[PDB]
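To keep things clear, I will list the structure first and then write my remarks on it.
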Amino acid sequence: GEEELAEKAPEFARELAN
């Protein structure tokens, strides 16, 4: 359940920083 988020990782790094 962590691969899908790592393979796609949609604007996750930014949303996570904004």
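Note that chain A is numbered according to Swiss-Prot, with residues 79-96 shown in order.
Method reported for this entry: solution NMR.
Cβ atoms are placed via backbone N, Cα and C, with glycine included.
If you check Swiss-Prot, you get these features:
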type    : residues                   : note
MOD_RES : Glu81                      : 4-carboxyglutamate
BINDING : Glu81, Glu85, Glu89, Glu93 : divalent metal cation binding site
MOD_RES : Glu82                      : 4-carboxyglutamate
MOD_RES : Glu85                      : 4-carboxyglutamate
SITE    : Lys86                      : site 'Important for selectivity'
MOD_RES : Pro88                      : 4-hydroxyproline
SITE    : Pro88                      : site 'Important for activity (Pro and hydroxyPro)'
MOD_RES : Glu89                      : 4-carboxyglutamate
MOD_RES : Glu93                      : 4-carboxyglutamate
MOD_RES : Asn96                      : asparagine amide
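A distance of 15 Å separates the Cα atom of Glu89 (divalent metal cation binding site) from that of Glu81 (4-carboxyglutamate).
Geometry remark: the residue listed as '4-hydroxyproline' versus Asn96 (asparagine amide), CA distance 14 Å. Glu85 (divalent metal cation binding site) sits 21 Å from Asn96 (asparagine amide), taking the CA atoms of both as reference points. The DSSP secondary structure for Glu89 (divalent metal cation binding site) is coil.
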